[PDB]
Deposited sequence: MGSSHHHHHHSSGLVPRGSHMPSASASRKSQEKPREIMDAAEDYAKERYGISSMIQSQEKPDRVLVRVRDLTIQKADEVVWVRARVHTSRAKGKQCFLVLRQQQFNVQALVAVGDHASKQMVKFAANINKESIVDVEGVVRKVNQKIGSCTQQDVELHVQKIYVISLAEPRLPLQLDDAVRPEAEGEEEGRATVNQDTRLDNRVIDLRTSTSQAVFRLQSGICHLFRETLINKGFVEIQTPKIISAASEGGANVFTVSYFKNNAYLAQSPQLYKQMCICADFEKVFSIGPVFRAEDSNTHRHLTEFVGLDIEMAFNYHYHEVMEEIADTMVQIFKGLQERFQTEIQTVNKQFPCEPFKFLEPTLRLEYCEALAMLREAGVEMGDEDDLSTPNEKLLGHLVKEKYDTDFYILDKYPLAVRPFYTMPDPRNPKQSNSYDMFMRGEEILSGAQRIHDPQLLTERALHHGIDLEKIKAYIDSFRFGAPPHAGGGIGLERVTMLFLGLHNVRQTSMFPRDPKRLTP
């Protein structure tokens, strides 16, 4: 009845844009010592809460960042307000007005360690229902299984790890596009109703020259970042561009996303990703030699098995101190019909895979731009020419020599951070 702090708290009216307050909401991550003794408004989630005596301690979380808030009986809060605060369901969103105060000793369990928020006002703007299916702290500790997490995506995506993973994942897309655009590339929009490659090659035959696409690829669905490029005389022109683009991504991530890399590292310990400048390139023959030295028995025209890729990747990592490299000149026999044969060594092909942490992320080649040869290769592979006639015909009115290849975003995210399986890098996994 009496309570003096009544106007300073509670659950507020649903936000329906009835007003535009004159008010600045500061980000948790900007609660530093620079703001000491300033009054601020903060919107955050109630991560957790504890109360004793005349005090309520809260952890206020904004994504990756979190801060301590204290509600204490005095000039601002009544004991009624303290109690209200202590009872706010976890994951509720609150608007808090408080003074930023320096603390004598660092608040070790928060990202904002040098200050705390002394609450003068606190309103629940969105009340969470009491039954949390998942606890955020559980979800991030190095227990919560694949199942509940995948069942409760909205909750799991809130964790500092999840935020880090997908913010970085968006960083990969951004970096890929920007690098490609600055190299003169044009983004294209492939339909899905005839796999991304057919269209990219069409665009090359249509004078596009440098193209990329980013989109669903398919009963599994994933996200492919695809490159196709006309070149002057040698496919190494394209191979090198692709490798350099990967390198710009790794550079950019380590320069701009260090905070998220360190966040994921806290849950899933991983050595920083290593790469050379320029990229290491090895020929198939050298790989065969290395594997044989390790006592692996392999034919000169065999494909690399997964276990052998992993070993070679370990060998390369030991020998060259790199997690990223290109393997070039695969046997023509293991590659797809549209693959250009090697002109010096006719057993081999103008084709390449690239690997991260000993796992294949890209499989490209110089394509065959000549109708006759393409047809000849297709015949050798037993392909019915009738069902690929439209594809072959697209090269008959002049086509430039070209090459390309693509990556899977989730895959590249998983390997860069050294995660357990792609599911850990798919926002909406199935299943």
Numbered from 1 along the deposited sequence, what ranges are absent from the coordinates?
1-40, 183-192, 244-267, 293-302, 516-521
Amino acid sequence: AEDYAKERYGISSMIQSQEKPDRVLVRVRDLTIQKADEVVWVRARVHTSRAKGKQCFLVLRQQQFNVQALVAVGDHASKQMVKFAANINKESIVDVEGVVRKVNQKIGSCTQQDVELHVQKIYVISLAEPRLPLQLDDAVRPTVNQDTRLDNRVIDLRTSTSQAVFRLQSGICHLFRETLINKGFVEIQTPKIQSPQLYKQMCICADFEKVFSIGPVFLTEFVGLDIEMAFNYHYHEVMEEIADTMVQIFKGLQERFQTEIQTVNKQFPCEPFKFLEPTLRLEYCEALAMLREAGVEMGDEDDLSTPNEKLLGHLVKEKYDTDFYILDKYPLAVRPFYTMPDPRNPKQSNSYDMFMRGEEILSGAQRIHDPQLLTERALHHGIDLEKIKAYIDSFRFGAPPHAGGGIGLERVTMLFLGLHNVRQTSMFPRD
From here on, numbers count along this sequence of modelled residues.
Per the entry, where is the mean C-alpha temperature factor higher: 131-139 or 201-209?
131-139
335-343 or 296-304, whichever carries the higher mean Cα B-factor:
296-304
Out of 92, 148, 87, 350, which residue has the highest Cα temperature factor in the PDB record?
148
From 159, 195, 120, 245, which pick has the Cα B-factor that tops the rest in the entry?
195
Mind checking which third residue 237 falls in for C-alpha B-factor across the chain?
lowest
Lowest, middle or highest third - CA B-factor, residue 29
middle
Relative to the other modelled residues of the same chain, rank the CA B-factor of residue 279 and answer lowest, middle or highest third.
middle
Within this chain, which third does the Cα B-factor at residue 166 fall in: lowest, middle or highest?
lowest
Place residue 417 in the lowest, middle or highest third of its chain's C-alpha B-factors, as listed in the PDB entry.
middle
